[PDB]
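Chemist: Sequence first, structure after, both from an experimental entry:
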Amino acid sequence: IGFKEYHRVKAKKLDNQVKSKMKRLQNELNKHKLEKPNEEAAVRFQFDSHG
RNA sequence: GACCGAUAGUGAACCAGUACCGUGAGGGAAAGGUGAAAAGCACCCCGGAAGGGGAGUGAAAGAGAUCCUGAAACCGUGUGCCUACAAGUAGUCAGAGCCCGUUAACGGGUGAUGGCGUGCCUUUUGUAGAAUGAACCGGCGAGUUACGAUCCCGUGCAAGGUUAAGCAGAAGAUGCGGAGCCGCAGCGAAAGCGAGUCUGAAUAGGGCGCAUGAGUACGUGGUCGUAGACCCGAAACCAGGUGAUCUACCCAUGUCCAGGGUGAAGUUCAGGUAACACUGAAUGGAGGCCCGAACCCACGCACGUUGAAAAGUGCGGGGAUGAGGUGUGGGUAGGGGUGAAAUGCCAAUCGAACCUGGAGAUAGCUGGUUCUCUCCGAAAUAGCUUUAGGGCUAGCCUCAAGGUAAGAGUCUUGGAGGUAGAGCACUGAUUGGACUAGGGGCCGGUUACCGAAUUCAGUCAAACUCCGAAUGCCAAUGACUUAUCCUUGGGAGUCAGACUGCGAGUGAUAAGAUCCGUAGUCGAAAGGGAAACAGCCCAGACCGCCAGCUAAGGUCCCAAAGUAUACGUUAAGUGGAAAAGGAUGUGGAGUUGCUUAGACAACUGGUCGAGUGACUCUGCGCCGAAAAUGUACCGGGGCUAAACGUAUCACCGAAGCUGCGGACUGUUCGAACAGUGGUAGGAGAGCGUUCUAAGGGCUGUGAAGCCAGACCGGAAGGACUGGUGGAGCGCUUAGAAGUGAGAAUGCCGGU
RNA sequence: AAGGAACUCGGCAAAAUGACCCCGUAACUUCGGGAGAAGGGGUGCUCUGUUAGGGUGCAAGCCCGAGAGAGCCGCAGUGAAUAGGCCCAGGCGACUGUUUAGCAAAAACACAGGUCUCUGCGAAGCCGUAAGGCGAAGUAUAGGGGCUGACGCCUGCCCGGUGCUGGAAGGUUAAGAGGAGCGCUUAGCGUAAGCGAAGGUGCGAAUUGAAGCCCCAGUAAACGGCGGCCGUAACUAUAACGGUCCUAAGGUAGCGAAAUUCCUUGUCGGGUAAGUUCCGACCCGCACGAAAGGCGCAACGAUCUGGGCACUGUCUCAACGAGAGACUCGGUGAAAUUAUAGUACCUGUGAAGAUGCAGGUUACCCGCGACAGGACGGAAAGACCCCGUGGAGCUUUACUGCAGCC
RNA sequence: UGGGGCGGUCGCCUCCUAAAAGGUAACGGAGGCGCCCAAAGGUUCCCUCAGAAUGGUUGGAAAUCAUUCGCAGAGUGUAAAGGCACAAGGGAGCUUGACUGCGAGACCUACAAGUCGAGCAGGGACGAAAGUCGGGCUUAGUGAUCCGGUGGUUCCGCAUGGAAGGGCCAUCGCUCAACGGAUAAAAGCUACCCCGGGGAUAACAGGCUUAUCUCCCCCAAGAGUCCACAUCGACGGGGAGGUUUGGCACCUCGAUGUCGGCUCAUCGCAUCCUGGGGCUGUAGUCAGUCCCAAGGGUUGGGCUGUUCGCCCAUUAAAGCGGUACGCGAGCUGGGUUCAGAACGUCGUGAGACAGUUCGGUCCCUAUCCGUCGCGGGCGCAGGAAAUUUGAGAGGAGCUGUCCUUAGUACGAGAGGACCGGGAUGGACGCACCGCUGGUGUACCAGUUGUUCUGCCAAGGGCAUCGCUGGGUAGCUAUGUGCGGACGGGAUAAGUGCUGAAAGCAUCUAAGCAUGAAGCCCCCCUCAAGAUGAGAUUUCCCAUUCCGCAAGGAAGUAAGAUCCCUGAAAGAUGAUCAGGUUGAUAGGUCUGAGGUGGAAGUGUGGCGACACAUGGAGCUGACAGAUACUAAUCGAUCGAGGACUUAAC
RNA sequence: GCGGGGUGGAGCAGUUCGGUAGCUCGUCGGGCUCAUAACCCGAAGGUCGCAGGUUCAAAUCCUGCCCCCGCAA
Ligand SMILES: [K+]
Ligand SMILES: [K+]
Ligand SMILES: [K+]
Ligand SMILES: [K+]
Ligand SMILES: [K+]
Ligand SMILES: [K+]
Ligand SMILES: [K+]
Ligand SMILES: [K+]
Ligand SMILES: [K+]
Ligand SMILES: [K+]
Ligand SMILES: [Mg+2]
Ligand SMILES: [Mg+2]
Ligand SMILES: [Mg+2]
Ligand SMILES: [Mg+2]
Ligand SMILES: [Mg+2]
Ligand SMILES: [Mg+2]
Ligand SMILES: [Mg+2]
Ligand SMILES: [Mg+2]
Ligand SMILES: [Mg+2]
Ligand SMILES: [Mg+2]
Ligand SMILES: [Mg+2]
Ligand SMILES: [Mg+2]
Ligand SMILES: [Mg+2]
Ligand SMILES: [Mg+2]
Ligand SMILES: [Mg+2]
Ligand SMILES: [Mg+2]
Ligand SMILES: [Mg+2]
Ligand SMILES: [Mg+2]
Ligand SMILES: [Mg+2]
Ligand SMILES: [Mg+2]
Ligand SMILES: [Mg+2]
Ligand SMILES: [Mg+2]
Ligand SMILES: [Mg+2]
Ligand SMILES: [Mg+2]
Ligand SMILES: [Mg+2]
Ligand SMILES: [Mg+2]
Ligand SMILES: [Mg+2]
Ligand SMILES: [Mg+2]
Ligand SMILES: [Mg+2]
Ligand SMILES: [Mg+2]
Ligand SMILES: [Mg+2]
Ligand SMILES: [Mg+2]
Ligand SMILES: [Mg+2]
Ligand SMILES: [Mg+2]
Ligand SMILES: [Mg+2]
Ligand SMILES: [Mg+2]
Ligand SMILES: [Mg+2]
Ligand SMILES: [Mg+2]
Ligand SMILES: [Mg+2]
Ligand SMILES: [Mg+2]
Ligand SMILES: [Mg+2]
Ligand SMILES: [Mg+2]
Ligand SMILES: [Mg+2]
Ligand SMILES: [Mg+2]
Ligand SMILES: [Mg+2]
Ligand SMILES: [Mg+2]
Ligand SMILES: [Mg+2]
Ligand SMILES: [Mg+2]
Ligand SMILES: [Mg+2]
Ligand SMILES: [Mg+2]
Ligand SMILES: [Mg+2]
Ligand SMILES: [Mg+2]
Ligand SMILES: [Mg+2]
């Protein structure tokens, strides 16, 4: 009696860890989320050589 | 004093802040009554005494010291009826026999036997429930009060109504007191304007108002707000204190450890060396050393487990000169201390001690909430919700006041719509044939090699439609019938629903499953049937009757009524449990092959001598058919009808309906008609308890209380008589409430 | 009796061992131990005997006292009571010690030893608001804190992240200093519109202004971390070797199916007739690893684990006996529980598991000694699960704060 | 929220579910939206689309033309539905009505909101005019309040004038997307845990269902040398059971204790063994499959907590299930899920498991029914003492090996029977103590320590009965004897005989047999409360009172009890042997069995000790005898026999 | 069913935000050497897994389809 409930209670604890990790990560990003630094564009043009 | 009267009122009426409980702060009871007067039972008898039986005192001793009254539980004694073949929610209805004789009544007690019948409460869709609560009896124990708001009702005055504090006065009535409050005027955010005003450019429209008018003061009642706010109940939080006489650690000063063993360093001697080293003996007496009592500890097992003991005993076990045991006196205190660290320990309490206070913390949760009858009578739904077992608005109920006839049923007529069915005209899916562009595999020419598209026929669709109902829905006009309906306001409860039939989804076209639509019953519905069986069938209990007719369902016995009538079927106890499938079971229709030119069968083409084969539909049966305590799907007996089908007629059968009698409610005009189940809940009318006022009484020639009884009223309830009791108590009208108990693992007492 | 662990989760419990003397005693070792290892033998009484010898004493005489020989008795001589069972092997902890008073004594805590770090003395650290204290009447060979835990051999790589330490300029930043300016107000100017001094007043920018942070180095017995893919050797198979990607760096020694191995009762060897346990190896380490230390390890342990011997009522399989209860009599006399009970069985029905309902079956009335199938028995308003916009303890880069510190 | 969690969802639009008005749920089936357009809006005017065939330079299936056919097969910004070809689809001219104030009246609706709207006024666009225009073919494209920003303003301005500040109108700021929005501001652990509730809600067992599971079938492609159906049974189809995995959430949260084991069983049959049969690809021995059959039986160990499973060794066999996965007020407590601790792993962490490991309190005196035993009462038409019948109930029910038949039948051999006789075991049961043993606490003996009887000798107490060696009665198994034997009756499956219906055939319809360890008996035990109270033999005898009777009372008869001595009986009652003309118990005497040579004395020895007297002495329960002691005297209870009929 | 990958021969970027297809090694050809390696000089090798859309332009954005790898299975 209560076999699966016991094991499923354990499962629910693992879920709570995921939810907490998620929530904290989201909150941390909102507090401090550096944007990716500018990737300077590269001008490219070549005077193709003639014969 | 419309305050209490010994469980009340102070905790304390009494030698009570006592007894008792706690180390302490602190907590904290129980317990009143002789008589007018002790006149408190001289004397005698039984007894060791207690306790009795007389005799005396007294109005009374059945007033004799827990001494007014003396209920119930509970415990006994005697006996009028019944009881040892009986299956019991304990009664109720019927009923002999026996025994009595009353509030004199179509009486009382008991009860062989027959019928019927699973407590009360709470909580539930649903409880006899094996869900909850109560051992029993008694007492106590829960919507109250203050101040505001609003509505109804009553009264006074009325376009007005009314005073508050305060001052005089019986703690009163009343007089004075007009400040203030509400209303008569509204509109606008406001300036402001005013029967109008605001918006707007507007004499427009529209909103809110006016014309269509009643308020106010006080009282009663309903509800609401703020207060503990109907009563009981947390785990907790915070504040101030009390604890280290237990236990943790520390500090100071004491004290305890029977006996035995092992033999460290060092030292000495002897040997040894050039010297040392080295070797052997002896001495020596180290150690969180060894073995083992006291003492301390607590490893295993048994026992104990309403214990001898709220942690022990018995048999073994570990340490036992050490980081040892223990005494005395001290220290550290809870947002703290102490911890060789277990969240362990800090007075049998520790993830935050104990006591008191804030405090009646809060509890959308559980439990409880006390007299009676009558009128009406739900909901378990929608929306929103840090919402889902809560709440709010609507729906559904009730009361009152208005409108009033505006409601409803049916018929007739009109209309909106795309479901069932059907259909392929579109969109998808799809079968066969034809015709086929191409596509691939073969040498640009072909394969029956994939094949687009076209066409012919043929299927199919919740999210296909050229079509398209039945019902249901919205209206209109009459007619016939019925009595509802709407507006405003007061009060609610309900938001867990259940099953059954039908139409669907989810599921597996399972579920007493789940979610909607629709109708019913239950919930909140007793009675009859289905053996028992909320939801199925029949049918709605105001009450009495030893009257009648019926419904579902029945009629051989249990058990009321047909062993009814007529015609067939079944042989399986089918009826009284299930499929695919199998089968010369049997009944009834129909078709067809052959047949006295002689069949089928059997006999060596003939003998023989009247039937013989196949198939379709259909009624009732058969096999397929094995579960666990015990026949075990007919309720039982039992049944060959007492089963099944068809038809007919009788009778039985409810609390349905009818007849007779009574009560009440409503409607219309004392009559008639109609109605009278009920949970949550609304409304009305009453009974009873305590106290007050005013009248009128009762009571020592016996009050209240208590105990009986066969009386009275529709209920709550009220009398009368007798016994006990020994001094208070009813009745009528009105008023005010500590006003009604069977349940709260309620509190206290008794048993 | 016979058997002897066949019992059982497990030799739990009991049995067996036990004193003194003599002989004898292994692996291993930290050279002390292990060790009472283990395994054996002896034990009574009598006579040689106030013994050989020893203590006391002036001596007599008192005590102590081995060893033998020679005999006697019994089933048996520490004749009773009291007094280790032992051996082999492994895991963990070194050890003695300490711990959940009252379900855990242990591998947990402590420990000596190791290391890191703080502290120059009014030390750091700690208690307190402060004074005043502990530290300490101490002074870096001392004191506090963290981690590890005797001893032996060792303790590898990574400073990118986080912490700590040290820097130097610079960037960012508060109060406080500064008050450019702007608004309001109004003497006055004006036909008005509007402008507007001074004063007052409401805002106020530049500039200035520390630590911290940013930045740069170091530090791992600081908190921590310690990888993927591809190819390659003349049988094959594996790769000493090579390529590339990523990282701060990719796990070294040692150990390994483990207190760690899910698959798994891995495979192999040993032990048994039979071994999911055990021991020895192997290494595809789900998910070892070097001071939350790695690997060994004598001694120690009421530690955990497996195997032998002894021994037995643990068992095959139960029997008998003793005492105390039970039972009868005399005395005394509770408790939990309890809606009232004249309180059967079967099948069924029902809130789906009935003493109580239905249909049958069975049953004369009342007890006593016994057993526990039922009364969903008693006890404790379930601790599991879910719910409540309940509580408390704890954690942190949750939110908001406070002390402390700079 | 078909427990919670994860996943998914949360507001709005379209369709289907939705049952032809509207509305209508589920974590039902499909999709879209959080915009876009300055023209893709308004108006005025004009206008048809897709596709196919044919003709044509590049040109190709498909670009552009041209003709014919061609209801929409197109398009309509953006999903779907409803519309649209007097277009809402395409093109062109001018413009901004994608206006301001509004708004009769309606739809929808709990509210808050949302939707439609003629018409009026102001000032405009297009148009010759009528007239149309308050965005788009229609239906999504959005967010309350509070609080801030901005613009306007015949509003207010706290003595007054200003101002500060506010109001009104317009407008902006929320993926407040959990979209009717808790605060401006918020994550976890609890195994150290606690409270209030719920069977409204998880689970076990129960109930319903039966997808799955187990078992059984239908069809028959086939496999099987041929041959579907000896055996096996593809592709499909139909059931039963309620042991499995599930679905549901109906009972239980003011408690229905768990897996495994132990003790004790009980039931079903889907039969593991034994019994009886059909078919066989059954020669014999063996087997295969199916039918009947539930009477009895159905092992001991190693490993593991285990169930299970593997293994070892047996057995005739090592059956499958139900009983709350039977059985914890019957036991155990090893596994698992309390508090401690540790490893691996995860986490910053408290801690946790996707894994392990060592240690960890099992309470209750039985009221009722039930079950096993034992009594008392009454009844059974007189009162007693014995012996009995059997309605009915319980018990028992198993089986191996060997010898013989017979090396026969059978077979090429190998091997090797049926049936019928006979012996002897295993397990199990009943009884009993003569035998073998156990026990034997009032028996006998040996012996240690100490204390006592004054000492010696001889003994007593205590030390587990001090210990040790024996042992009577009784009680006992492991010991012994015996049992399940012979068979009858009726049947099951099966085998048939005669025999029609249906000139044949046929076990069947009438009729007649056979045939199982099973059923009813036989065998053992209880049994007349069998209220239906039975039957037989024997004994006692009609009393005395009252009362009119019915009936009542009092002494007794036969007989029994109280009381007493006891055991062959026993918890107590009861039962049985006895109670003085009695051997009932004790004692006494004589024995048995048991122990094993007493004490005293003498002799031998220095002594411990040995020997003789002497199979001695001692001896609980056992046997026989014997009144020596106790069973005294007494008391109590116990019939006089109802009525009716029939036959005598 | 739920996720991750397919870029010259190997290992890897670039993909979100469209703009010449790349880095390291390797392969091939020619030198150097007696010859091989190293070294030096040139070149080839992917139209970004496949097939269609969108766009002036797609490895990159969209639609389908096929492989590889993890789990569950
Ligand atoms: K009183
Ligand atoms: K009461
Ligand atoms: K104190
Ligand atoms: K209800
Ligand atoms: K009187
Ligand atoms: K007694
Ligand atoms: K009954
Ligand atoms: K009951
Ligand atoms: K970690
Ligand atoms: K014997
Ligand atoms: Mg009082
Ligand atoms: Mg008086
Ligand atoms: Mg319920
Ligand atoms: Mg309850
Ligand atoms: Mg109760
Ligand atoms: Mg010591
Ligand atoms: Mg010791
Ligand atoms: Mg002491
Ligand atoms: Mg305590
Ligand atoms: Mg308060
Ligand atoms: Mg249809
Ligand atoms: Mg339902
Ligand atoms: Mg009811
Ligand atoms: Mg009625
Ligand atoms: Mg009639
Ligand atoms: Mg009748
Ligand atoms: Mg009637
Ligand atoms: Mg009626
Ligand atoms: Mg009251
Ligand atoms: Mg064993
Ligand atoms: Mg065993
Ligand atoms: Mg032991
Ligand atoms: Mg230790
Ligand atoms: Mg120790
Ligand atoms: Mg403890
Ligand atoms: Mg302990
Ligand atoms: Mg450590
Ligand atoms: Mg390191
Ligand atoms: Mg580690
Ligand atoms: Mg480390
Ligand atoms: Mg370590
Ligand atoms: Mg008793
Ligand atoms: Mg049922
Ligand atoms: Mg039942
Ligand atoms: Mg509860
Ligand atoms: Mg779910
Ligand atoms: Mg509709
Ligand atoms: Mg723990
Ligand atoms: Mg802990
Ligand atoms: Mg609780
Ligand atoms: Mg339920
Ligand atoms: Mg067949
Ligand atoms: Mg339900
Ligand atoms: Mg209960
Ligand atoms: Mg209980
Ligand atoms: Mg069978
Ligand atoms: Mg069980
Ligand atoms: Mg039980
Ligand atoms: Mg256990
Ligand atoms: Mg009972
Ligand atoms: Mg004998
Ligand atoms: Mg002597
Ligand atoms: Mg003594």
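Modeler: Right, received. Where do you want to start? Numbers count the residues shown, from 1 in each chain, chains lettered A, B, ... in the order given. Ligands and ions are numbered 1, 2, ... in the order given.
Chemist: quick one: stretch A:21-34 near RNA strand D?
Modeler: Yes - interface with RNA strand D: stretch A:21-34 contributes A:23, A:24, A:27 (C-beta under 7 Å from any atom of the strand). Using the backbone N, CA and C atoms, a C-beta is placed for each residue, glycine as well.
Chemist: and these, which of them are in strands?
Modeler: Counting by DSSP state E, no part of the residues of stretch A:21-34 next to RNA strand D is found in strands.
Chemist: Quick one: those as JSON lines, columns for distance to residue A:48 and neighbour count too.
Modeler: JSON lines is the format used below for those (distance: C-beta to C-beta, whole Å; neighbours: other C-beta atoms under 10 Å):
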{"residue": "A:23", "distance to residue A:48": "57", "neighbour count": "10"}
{"residue": "A:24", "distance to residue A:48": "56", "neighbour count": "10"}
{"residue": "A:27", "distance to residue A:48": "55", "neighbour count": "9"}
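Chemist: Out of these, the closest to RNA strand D would be?
Modeler: Using C-beta to the nearest atom of the strand, residue A:23 is the member of the residues of stretch A:21-34 next to RNA strand D that sits closest to RNA strand D, with 4.1 Å.
Chemist: Can you give me the neighbour number for residue A:20?
Modeler: Residues contacting residue A:20 under the criterion other C-beta atoms under 10 Å number 10.
Chemist: cool, and residue A:1?
Modeler: Residue A:1 has 4 neighbours, counted by other C-beta under 10 Å.
Chemist: Next one: it from residue A:18, what distance?
Modeler: As judged by C-beta to C-beta, to the nearest Å, residue A:1 and residue A:18 stand 29 Å apart.
Chemist: And residue A:47, by the same measure?
Modeler: Residue A:47 sits at a distance of 58 Å from residue A:18 (criterion: C-beta to C-beta).
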